[PDB]
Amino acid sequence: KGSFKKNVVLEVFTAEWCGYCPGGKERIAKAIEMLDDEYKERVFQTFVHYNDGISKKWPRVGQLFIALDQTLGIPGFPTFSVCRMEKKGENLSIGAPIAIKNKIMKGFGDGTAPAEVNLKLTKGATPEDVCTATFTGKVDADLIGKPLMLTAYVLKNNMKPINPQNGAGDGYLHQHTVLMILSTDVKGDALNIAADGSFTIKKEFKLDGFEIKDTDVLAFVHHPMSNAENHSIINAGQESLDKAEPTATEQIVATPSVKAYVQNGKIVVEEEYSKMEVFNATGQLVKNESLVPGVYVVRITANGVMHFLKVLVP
């Protein structure tokens, strides 16, 4: 197949109202644990929600589903696609773990691929900072010039369901769940492939109203969804966002009119104000006392304007 090492993407179609869906999730988890230990690290699951609290709260997830449905013909839940390799109307069944394993291994093929994509992530310091994702890769000669697309997802693990999951036992959590698609078009951004086969795409995004803890970014190079003959995912890369490097720099802001500082474990503002509130790096309102090292956001209302200051307690 190619110069590069193949990773497999699974797109699983699911809903919180679907009583059969937890069973589908666990059958796939079992299948993965049946793989030789090398391949385990090379399978990137994604769960795409439709007609539920998750697609309501994040409507672009519904848009992604609609697109995948147009491409693959998703008849019911739970179902899944291996690297979008199925022609429309083909089998998307989630069978016994061994049958799932066999579908995954078919996705692997000879273990090689004619593209590769590598991810360098940085995380924002607080909920109102952007994260960044730089996707760099290369395609083999035979692919240079072809319309190749890149799609990237922000995936949320250990996620409390929006409404209780039908068919789920105590302490159930969603895993590998798509909450963001980084290309405006859910069908992907067009890749600009240089003569040497290389490409670079950089994204800078604020998390859409969920916490950064236990998040991954998955990116994959793929043929166009609109190509009925071959709309397959060629290769993928994935990294942990919550474990990523912190963004190393701050934006150049205007000369502040409120000079906050840290004295005796607390944030002090000597300028006059109507309200001061301190939030920690996860956006919780916190008591302004004995603050441990970390970054805080101070929201200060003064002179009829609500200001946001980032304070770093060393």
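Note that residue numbering follows the sequence shown and begins at 1.
*Asks:* Given the B-factors recorded for C-alpha atoms, which segment has the greater mean, 213-221 or 123-131?
*Replies:* That would be 123-131.
*Asks:* Give the stretch, out of 286-294 and 14-22, with the larger mean C-alpha temperature factor in the deposited entry.
*Replies:* Stretch with the higher mean C-alpha B-factor: 286-294.
*Asks:* So if I compare the CA B-factors in the entry for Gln63, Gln70, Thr46, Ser274, which one is the largest?
*Replies:* So the option with the highest C-alpha B-factor is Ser274.
*Asks:* Report the option among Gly76, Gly109, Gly188, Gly237 whose CA atom has the maximum B-factor in the deposited record.
*Replies:* When the deposited C-alpha B-factors of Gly76, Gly109, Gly188, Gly237 are compared, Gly109 is largest.
*Asks:* Going by the CA temperature factor in the PDB record, which third of the chain does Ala194 belong to: lowest, middle or highest?
*Replies:* Within its chain, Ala194 is a highest-third residue by C-alpha B-factor, going by the deposited values.
*Asks:* Select lowest, middle or highest to describe the third in which the CA B-factor of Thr136 falls within its chain in this entry.
*Replies:* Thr136: CA B-factor falls in the middle third of its chain.
*Asks:* Going by the CA temperature factor in the PDB record, which third of the chain does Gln165 belong to: lowest, middle or highest?
*Replies:* Its C-alpha B-factor, which the entry lists for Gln165, ranks in the middle third among residues of this chain.
*Asks:* Going by the entry, which third of its chain does the Cα temperature factor of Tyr172 land in?
*Replies:* It belongs to the highest third of the chain when residues are ordered by C-alpha B-factor.
*Asks:* Quick one: classify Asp52 as lowest, middle or highest third of the chain based on its Cα B-factor.
*Replies:* Lowest third.
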